[PDB]
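Data block below; observations after.
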Amino acid sequence: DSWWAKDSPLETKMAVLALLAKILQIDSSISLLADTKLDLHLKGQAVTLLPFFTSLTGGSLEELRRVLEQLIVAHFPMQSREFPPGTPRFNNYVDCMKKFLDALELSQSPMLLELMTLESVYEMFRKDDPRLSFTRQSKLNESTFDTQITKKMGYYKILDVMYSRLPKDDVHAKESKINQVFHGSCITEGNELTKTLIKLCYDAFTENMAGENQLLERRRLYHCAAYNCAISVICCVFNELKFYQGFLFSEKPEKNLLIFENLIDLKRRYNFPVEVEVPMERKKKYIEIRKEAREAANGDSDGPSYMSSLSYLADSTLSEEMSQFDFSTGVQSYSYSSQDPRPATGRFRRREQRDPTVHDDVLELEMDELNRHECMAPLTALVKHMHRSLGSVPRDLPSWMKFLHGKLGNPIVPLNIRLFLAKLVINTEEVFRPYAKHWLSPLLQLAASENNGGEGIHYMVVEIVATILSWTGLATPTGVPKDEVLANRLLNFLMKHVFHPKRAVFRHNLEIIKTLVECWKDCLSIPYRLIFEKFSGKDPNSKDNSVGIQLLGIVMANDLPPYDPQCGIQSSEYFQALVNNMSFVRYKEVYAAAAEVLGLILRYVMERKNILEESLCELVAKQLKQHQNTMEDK
Amino acid sequence: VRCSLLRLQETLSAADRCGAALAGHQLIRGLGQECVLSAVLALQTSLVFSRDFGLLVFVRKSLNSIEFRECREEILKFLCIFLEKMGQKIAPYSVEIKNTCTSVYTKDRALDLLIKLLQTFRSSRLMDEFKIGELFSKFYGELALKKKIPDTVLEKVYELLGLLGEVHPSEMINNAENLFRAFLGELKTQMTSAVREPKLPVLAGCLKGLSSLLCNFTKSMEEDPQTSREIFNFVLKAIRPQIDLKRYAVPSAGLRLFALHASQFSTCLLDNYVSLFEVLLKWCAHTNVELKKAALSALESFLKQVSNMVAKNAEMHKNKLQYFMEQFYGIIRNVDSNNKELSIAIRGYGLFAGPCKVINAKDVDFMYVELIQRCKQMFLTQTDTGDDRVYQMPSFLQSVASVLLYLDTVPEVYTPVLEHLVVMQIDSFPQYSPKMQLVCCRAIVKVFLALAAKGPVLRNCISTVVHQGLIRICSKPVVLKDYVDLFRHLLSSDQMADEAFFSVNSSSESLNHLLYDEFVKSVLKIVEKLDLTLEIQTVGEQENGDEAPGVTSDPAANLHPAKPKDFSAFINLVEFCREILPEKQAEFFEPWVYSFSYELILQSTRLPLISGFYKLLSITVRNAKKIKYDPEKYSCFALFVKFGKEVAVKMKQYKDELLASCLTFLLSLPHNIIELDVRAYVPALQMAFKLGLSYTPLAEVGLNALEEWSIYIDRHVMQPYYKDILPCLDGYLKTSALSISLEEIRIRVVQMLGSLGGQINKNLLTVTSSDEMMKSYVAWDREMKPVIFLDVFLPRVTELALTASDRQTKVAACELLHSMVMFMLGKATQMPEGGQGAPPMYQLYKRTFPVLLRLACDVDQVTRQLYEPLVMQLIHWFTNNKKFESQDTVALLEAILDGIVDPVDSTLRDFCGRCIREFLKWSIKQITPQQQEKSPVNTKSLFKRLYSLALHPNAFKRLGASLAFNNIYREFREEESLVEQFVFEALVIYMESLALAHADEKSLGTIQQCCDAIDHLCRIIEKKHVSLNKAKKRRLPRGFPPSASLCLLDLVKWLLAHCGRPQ
């Protein structure tokens, strides 16, 4: 503490005497080498100059900012590395650095596409004053651009709020793989400062970056991106939002004449606030909407309660898409303020579903739905506040759900994934009707409009019928009055589509069907005489016989004889023809599995009354007698 | 056994011998996949082979060519890849394989059979390297010739001649030469009109052949510039065919062995072909086509030849040199725009090969300022994870040396740049392949080789920081991805050098400043910082009194342990060259002396590292008997014995298990030099290696110290020492021998007993009188009667001392002894008078049992927890309701303050926690207030037994005990009514009596500190009072400065300025 402050003012009363001698060292524009040294010193000084008076440049240390400039302008290499320091945080400076730091990112930091491919540790610091990092280290032009950003971002956010305008220009224009580096470096820095005002300055700053100015389109898209992350992870003790949204409250009523970009700009800057509303809400909404009462109530009425329907001419393609995105979180402000939620209790208006018809039509987008969407989360979010207000047969009749249903149109595709998280905590007794109702709908389902099939839709509608399984109340009350075309077209489609599992190399085909029939024993075994009439016993002159074996069997003999040999060979003697191919063998392995099942089939059939099957067993023995020839070793 | 091949073959071959019409081709493809799949490999190999010759040779050789070719087509393809896969040791098998392939070529007399015969020719050069090779090579020569019918066979003979050159046969010195003179004649007559392109055989064959041969033919004769420029140049122009990018790797691998032959024609015509030779190289690094490693080898080789031709020129010419290397400069500046990524190597070591001729026309240091700056960017960014692993990084660093060396002037400030380029490339060594590591050894010398010509100041700072960067990265060292094995590369590095001599010196400077990081000093108070933070208001006074005799910056104590281990395997064995003794001898003895005695265990072990090592100390011993009856080695022979005297005595006793573990292997090498004096004074040493006998066969530890002592002091002319020596020595060594393996311990125990011819009887004699025999117990103190209380007692004893073999022995055994002691009460429960043998033979029976619970605390942890609650669940019962019999519990506890006999520094204290506790439930046993004065067995008798034990026999080791014990119960003695008043006179008698008792220890037997942790515990006591005792106890010590005796008064003097205060 004694030697720290005794060297600097003499390194400053000679910083006039000796840098006026480094004059031709400084601006050799021969002192090309010498000058790159003079930076290091300034760095080595600025480090021992961090505590107390020498840190401030205003006052007793005079203008040394004179000397930072002369180096950003001369040349470009090794300048990257004499740079992340500095950190002077005052006005007037602002005109200098911005004017010069910008004219430098024009030939140093490009908008272009990714043109790329304790003790003892002291000596680690003694070997750390001669430039570089000795500990922090344990194509070519692309990865040093990534390193400058490192140097740009390590210190970065801590020095000044103003510093942040300039990294924003880089988040825009084009994407690049710094995306993760940011989310790692920008989250850990909004929370690192942990001093107010500073905090709200960054806020009040970027809020005005969304103030009036003549930008383009992408500059405000990736804005939201680098926006939400600056905001949705941050500290507390806030009123910045009551008065700025006290201004943005007056920014609620907005109207746009038809224009190429007029509708978008108005509704761009209109998605932003409701977007900053809800992460500023939830965490700080219960106290602030309870103190505001009616004003907070009036925005939750003006804001939501609106469905965009009957509109035409643009309006939908890019805006209704972002209009719904904050419609449900605009409802999250009311979920952050509900005792028995009235907008939840029921729906407002009449009309078609808000979601786009094309997305359902796309199918692929539907898959994204599986991935999930911002719109999807609030419904999921409601579950959080609905099981805290949820409460035998009298307990199953009431719990919303009947409000929602499924309907008889087309875009039921939504309501489904919504139920995929819903049966997470909507299963069994709480609700009886929804489980039964869902089954009647995956009739043609997603895989009939999709002949190729999908790992997205199957697994789901597969697993949806895995939780209706095991449910007592869901297996039989849709098994007696109406497991008809419901259950019939189910089993019929199952077998009719479980084709080509051979191209798939997936045993999954079996368990999936086996686990199914296991428990839906009830309903007439329409598969019994129809899988037999499917036969599949194509001649073995090909590997097609392999595609019929497990089918003929693995299904059968499960707990109770299913159908048994008797109900198959009753509607048609196609078991006589299933015997004519068992004798025929081409494939080296799995051929017996055939005879294997006949064994188990003949065992539990003579256990049953049998008698009528006994004449058959003689023909079977006559087969193994018709054999022995050709070798008899296999 | 039967195996799967002897049966599968004689069945499906004796059946394919009569019916292979399509019924064999599918069968042998199957049986073929079987033999390909692979005890199982070796037996399948040896038997299939001996049967392949005995079954599928003379059977498949007959029949039809078509029927047996599809057989042989598949058989040759799986046998060949198996010959490469099968291990060696098949030399006679091969000789038969030979006679077989010449028979398959005989059946070949057919395109699928020729290529599978090609498959027999690769696995022909597998072993080779024997005179047996040439005895058949000579006769395979002729069949190689005789091209005869126009077939694709030019590839073969030039390939077989290559199988010769790969076998390298001296006997193929006549036939082989007359062959290539015709292959030459063959390829030259081909090109013009027949076919625009040579066929597959004329390409891969005569090229792969004209490559592997040329090891003898010299000079050019114009033969090379005509052959190579027409043909090789053209295999270096094709891009479009797929496998052509593998027909491009063999011609360039041709030019690399052509190096010397490529030099005799390129030196003529490769100048105006500066475009030719450079296009093919750059053009090569285009597509990583199976032959990325063929881009590097073709280039990096042909560039070491460029470097040759640069020095293989005068100063003349020069124009073509400057032109190319400034093109090389062009590569350096356009990489900024577009990254060469790997062509960064082509200019990196492209700065390596020809760095020197140019600097005589123009000063070209500057490439260096840049390339440094260039590699300063390969490693500064290394603060990022885009650079996965340090590939190739010593290869540019090879060029570093290559150009640092030549320059005459010294550069500037960029000096620290190639510096942190060293430390990291010294860290780039461990992560590697074996081949990769060797080149790096070479790279280090160049940096050292040039750096040593200009300014040595620098490679010093290397090493202190480069080791430190190795203890700490080895933090969490692998003594339970980097460790000390790497610097076991330095010896290779040491092997070449003046620098190596300097390097050895550097290591001494290294740690001889690295532990002085206070780094040892800090974890010492961690010992005392771990008991002082466990402090509240009731537990803090007990953490203070209970303390074991003798033994924060955890990254330092931990850092320190790695270095001794790191050095021991390193130095010691490399030849000193006499260099070590001057620095190692007296001067080194000196840092060791200055740095030793702090109390750290590892460092002491370290001193012994050069202790055995000096090659010729026969000066240090022979000139030491002449100084007692050159000055430097004497003055260390001082610190030795002087250092030696202050070793075991000051640390064999306050030693504990671990720093005696670690403090009597030191002590087993001090006799070496000073042998005649160390026998008189320290004989006890190998004797005291009784505890180091059963935990040594895990690491040949303390028992290795019994064998090298005798054997070296046998080689000692002093005969009249045995009488002092050999009685009490082997008076125990005999029983470390009732059984480097534990019985090879006994092997050399034989060679030593007997080597003295009539000197072993003098052992088991005093083995049997000093040890004392089996003590025994005396007078042996509802269907079946079992009592037998003695016969069952002794063995439970006999088990809990050893406690070994998983303690699965020990576990149920003491657990058995537990329910056993409960039974000792059972008869002393009725109302009889007999069986009164239960008391005084429980005296013998109450053994120093707590030594079970305490050494259970170290290893058992559960056993102690069974056994701590017992000894306190037992103090109260005898004490509360019984008298006349407790004494014995005092007897052996008071004998645990004897336990300092065996300096088991854990047991001493391990009991003291019972003194307080016995007296504790006495404090709740205020019982007999009228009978405390009527019946005498209480506090009066207590503190009589206590103080009289502090001062017993001139404080004969029975003291020091009485320091910890008083401290343990100081907390409770505090609270006492008017009782601690008339007994507070002995408090200061204690005070005065206690200090004097030891001021004539004279030996830092480690008590001096316990005694002061006692006096201030007597100064709190004051509390004003009426002070009728005061008038004395300030007269009394006023007259005690005179007793002096050394350390007394020095503390008593504070006591009287203190007492001269309240009154």
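The chains in the structure tokens are called A, B, ... from first to last as shown; in each chain the residues are counted from 1, and the ligands are counted from 1 in the order shown.
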Using only C-alpha atoms, I'd like every residue of chain B that has an atom within 7 Å of chain A; please write them out as a compact mmCIF listing (two decimals) with C-alpha atoms, in the first residue's frame.
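Listed below is the output, selection_16.txt:
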```txt
# COMPACT_ATOMS: atom_id res chain seq x y z
CA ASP B 336 -3.86 -13.13 -43.27
CA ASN B 339 -5.93 -18.93 -43.79
CA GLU B 341 -4.42 -23.55 -41.87
CA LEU B 380 -1.76 -16.30 -27.13
CA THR B 381 -5.16 -17.24 -28.55
CA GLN B 382 -4.58 -20.61 -26.80
CA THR B 383 -6.57 -18.83 -24.09
CA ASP B 384 -9.37 -20.17 -26.35
CA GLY B 386 -10.89 -23.41 -30.78
CA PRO B 416 10.15 -13.35 -23.41
CA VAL B 465 8.70 -21.39 -13.31
CA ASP B 517 7.82 -20.09 -0.61
CA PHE B 519 5.05 -23.17 1.37
CA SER B 553 -1.97 -23.51 2.25
CA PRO B 555 -1.95 -26.24 -2.34
CA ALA B 556 1.61 -26.05 -0.87
```
Write out as a PyMOL selection string the residues lying within 9 Å of residue A:22, counting only C-alpha atoms and excluding same-chain residues fewer than 4 positions away.
chain A and resi 18+26-27+34-35+38
Taking 3 positions as the minimum chain separation for residues in the same chain, which residues sit within 10 Å of residue B:209 when counting only C-alpha atoms? Answer as a PyMOL selection string.
chain B and resi 155-163+165+180+183+203-206+212-214+250+254
Among stretch 381-575 of chain A, which ones does DSSP assign to alpha helix (DSSP H) (computed from the backbone)? Answer as a count of residues only.
98
Using only C-alpha atoms, which protein or nucleic acid residues come within 9 Å of stretch 527-543 of chain B? Drop anything in the same chain fewer than 2 positions from it, and give the result as a list in words.
residues 523, 524, 525, 545, 546, 547, 551, 552, 913, 967, 968, 969, 970 and 971 of chain B
In Å, with one decimal, what is the gap from atom CA of residue B:510 to atom CA of residue B:463?
6.6 Å
I'd like the contact shell of stretch 572-589 of chain B - 10 Å cut-off, only C-alpha atoms, skipping same-chain residues fewer than 3 positions apart - returned as a PyMOL selection string.
chain B and resi 491+494-495+501+504-505+508+512+567-569+592-595+607+609-617+620+631-640+643
Atoms to include: N, CA and C atoms. Write the selected residues as an mmCIF file, in the first residue's frame.
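Heads up, here's the output in selection-v2.cif:
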```cif
data_model
loop_
_atom_site.group_PDB
_atom_site.id
_atom_site.type_symbol
_atom_site.label_atom_id
_atom_site.label_comp_id
_atom_site.auth_asym_id
_atom_site.auth_seq_id
_atom_site.Cartn_x
_atom_site.Cartn_y
_atom_site.Cartn_z
ATOM 1 N N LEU B 491 16.295 -36.985 -19.147
ATOM 2 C CA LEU B 491 17.474 -37.827 -19.172
ATOM 3 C C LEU B 491 17.764 -38.074 -20.637
ATOM 4 N N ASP B 494 18.917 -35.037 -21.471
ATOM 5 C CA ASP B 494 20.239 -34.887 -20.888
ATOM 6 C C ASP B 494 21.208 -35.597 -21.811
ATOM 7 N N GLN B 495 20.798 -36.766 -22.289
ATOM 8 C CA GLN B 495 21.615 -37.520 -23.217
ATOM 9 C C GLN B 495 21.623 -36.699 -24.494
ATOM 10 N N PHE B 501 24.702 -30.305 -18.315
ATOM 11 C CA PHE B 501 25.426 -30.074 -17.075
ATOM 12 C C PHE B 501 24.799 -28.880 -16.369
ATOM 13 N N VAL B 504 21.300 -29.694 -14.755
ATOM 14 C CA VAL B 504 21.355 -30.371 -13.468
ATOM 15 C C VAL B 504 21.485 -29.324 -12.370
ATOM 16 N N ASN B 505 22.302 -28.313 -12.638
ATOM 17 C CA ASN B 505 22.529 -27.222 -11.702
ATOM 18 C C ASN B 505 21.248 -26.436 -11.446
ATOM 19 N N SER B 508 18.649 -27.755 -8.734
ATOM 20 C CA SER B 508 19.019 -27.432 -7.364
ATOM 21 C C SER B 508 18.562 -26.023 -7.027
ATOM 22 N N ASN B 512 15.532 -25.411 -4.209
ATOM 23 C CA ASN B 512 16.308 -24.687 -3.212
ATOM 24 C C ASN B 512 15.922 -23.209 -3.207
ATOM 25 N N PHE B 567 11.877 -35.931 -7.773
ATOM 26 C CA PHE B 567 13.329 -35.980 -7.924
ATOM 27 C C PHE B 567 13.988 -37.344 -7.704
ATOM 28 N N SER B 568 13.537 -38.091 -6.700
ATOM 29 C CA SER B 568 14.152 -39.382 -6.416
ATOM 30 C C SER B 568 14.401 -40.237 -7.655
ATOM 31 N N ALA B 569 13.458 -40.258 -8.590
ATOM 32 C CA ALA B 569 13.657 -41.073 -9.822
ATOM 33 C C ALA B 569 14.134 -40.177 -10.973
ATOM 34 N N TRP B 592 20.863 -28.136 2.632
ATOM 35 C CA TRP B 592 20.045 -29.094 3.367
ATOM 36 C C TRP B 592 19.991 -28.771 4.861
ATOM 37 N N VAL B 593 21.136 -28.415 5.425
ATOM 38 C CA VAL B 593 21.252 -28.077 6.834
ATOM 39 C C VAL B 593 20.482 -26.819 7.191
ATOM 40 N N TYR B 594 20.559 -25.820 6.318
ATOM 41 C CA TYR B 594 19.879 -24.561 6.573
ATOM 42 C C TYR B 594 18.375 -24.768 6.478
ATOM 43 N N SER B 595 17.972 -25.560 5.492
ATOM 44 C CA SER B 595 16.568 -25.844 5.248
ATOM 45 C C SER B 595 15.992 -26.981 6.083
ATOM 46 N N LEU B 607 16.764 -35.452 1.512
ATOM 47 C CA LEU B 607 18.188 -35.309 1.799
ATOM 48 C C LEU B 607 18.876 -36.643 1.556
ATOM 49 N N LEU B 609 18.371 -38.588 -0.708
ATOM 50 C CA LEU B 609 18.480 -38.853 -2.141
ATOM 51 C C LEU B 609 19.915 -38.815 -2.673
ATOM 52 N N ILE B 610 20.726 -37.845 -2.261
ATOM 53 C CA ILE B 610 22.107 -37.838 -2.731
ATOM 54 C C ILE B 610 23.004 -38.501 -1.688
ATOM 55 N N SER B 611 22.384 -38.941 -0.599
ATOM 56 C CA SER B 611 23.070 -39.574 0.511
ATOM 57 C C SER B 611 23.757 -40.884 0.162
ATOM 58 N N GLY B 612 23.131 -41.710 -0.672
ATOM 59 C CA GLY B 612 23.758 -42.984 -0.967
ATOM 60 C C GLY B 612 24.589 -42.812 -2.219
ATOM 61 N N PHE B 613 24.110 -41.878 -3.036
ATOM 62 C CA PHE B 613 24.575 -41.550 -4.382
ATOM 63 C C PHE B 613 26.004 -41.103 -4.677
ATOM 64 N N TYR B 614 26.646 -40.330 -3.802
ATOM 65 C CA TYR B 614 27.997 -39.880 -4.131
ATOM 66 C C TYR B 614 28.855 -41.098 -4.448
ATOM 67 N N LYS B 615 29.504 -41.038 -5.607
ATOM 68 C CA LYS B 615 30.338 -42.124 -6.105
ATOM 69 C C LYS B 615 31.576 -42.448 -5.285
ATOM 70 N N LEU B 616 32.282 -41.418 -4.834
ATOM 71 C CA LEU B 616 33.496 -41.661 -4.069
ATOM 72 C C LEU B 616 33.659 -40.868 -2.780
ATOM 73 N N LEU B 617 32.869 -41.190 -1.763
ATOM 74 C CA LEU B 617 33.031 -40.507 -0.493
ATOM 75 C C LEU B 617 34.180 -41.072 0.318
ATOM 76 N N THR B 620 35.448 -38.622 2.007
ATOM 77 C CA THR B 620 34.693 -38.032 3.113
ATOM 78 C C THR B 620 34.843 -38.833 4.404
ATOM 79 N N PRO B 631 39.073 -28.662 3.442
ATOM 80 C CA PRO B 631 38.221 -28.027 4.470
ATOM 81 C C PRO B 631 36.721 -28.084 4.191
ATOM 82 N N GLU B 632 36.281 -28.013 2.931
ATOM 83 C CA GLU B 632 34.842 -28.023 2.659
ATOM 84 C C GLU B 632 34.210 -29.356 3.043
ATOM 85 N N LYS B 633 34.800 -30.471 2.606
ATOM 86 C CA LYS B 633 34.183 -31.763 2.876
ATOM 87 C C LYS B 633 34.289 -32.145 4.348
ATOM 88 N N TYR B 634 35.335 -31.685 5.045
ATOM 89 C CA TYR B 634 35.332 -31.764 6.505
ATOM 90 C C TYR B 634 34.126 -31.026 7.073
ATOM 91 N N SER B 635 34.008 -29.730 6.752
ATOM 92 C CA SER B 635 32.982 -28.880 7.352
ATOM 93 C C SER B 635 31.585 -29.436 7.139
ATOM 94 N N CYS B 636 31.387 -30.226 6.082
ATOM 95 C CA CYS B 636 30.121 -30.935 5.962
ATOM 96 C C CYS B 636 30.096 -32.199 6.803
ATOM 97 N N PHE B 637 31.207 -32.942 6.849
ATOM 98 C CA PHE B 637 31.267 -34.050 7.789
ATOM 99 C C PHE B 637 30.952 -33.566 9.195
ATOM 100 N N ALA B 638 31.208 -32.286 9.480
ATOM 101 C CA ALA B 638 30.617 -31.640 10.643
ATOM 102 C C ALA B 638 29.112 -31.841 10.590
ATOM 103 N N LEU B 639 28.422 -31.116 9.698
ATOM 104 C CA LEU B 639 26.961 -31.049 9.752
ATOM 105 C C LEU B 639 26.315 -32.421 9.689
ATOM 106 N N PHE B 640 26.949 -33.364 8.988
ATOM 107 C CA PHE B 640 26.547 -34.765 8.973
ATOM 108 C C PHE B 640 26.364 -35.322 10.380
ATOM 109 N N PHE B 643 24.619 -32.951 12.130
ATOM 110 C CA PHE B 643 23.257 -33.066 11.634
ATOM 111 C C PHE B 643 22.709 -34.418 12.060
#
```
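Within the 8 Å cut-off around residue B:449, using only C-alpha atoms and omitting residues fewer than 2 positions from it on the same chain, the listed residues are residues 401, 405, 445, 446, 447, 451, 452, 453 and 499 of chain B.
Candidate residues B:391, B:990, B:919, B:349 were compared for distance to residue B:972, and the nearest is B:919, using only C-alpha atoms.
You will find atom CA of residue B:231 at 13.4 Å from atom CA of residue B:186.
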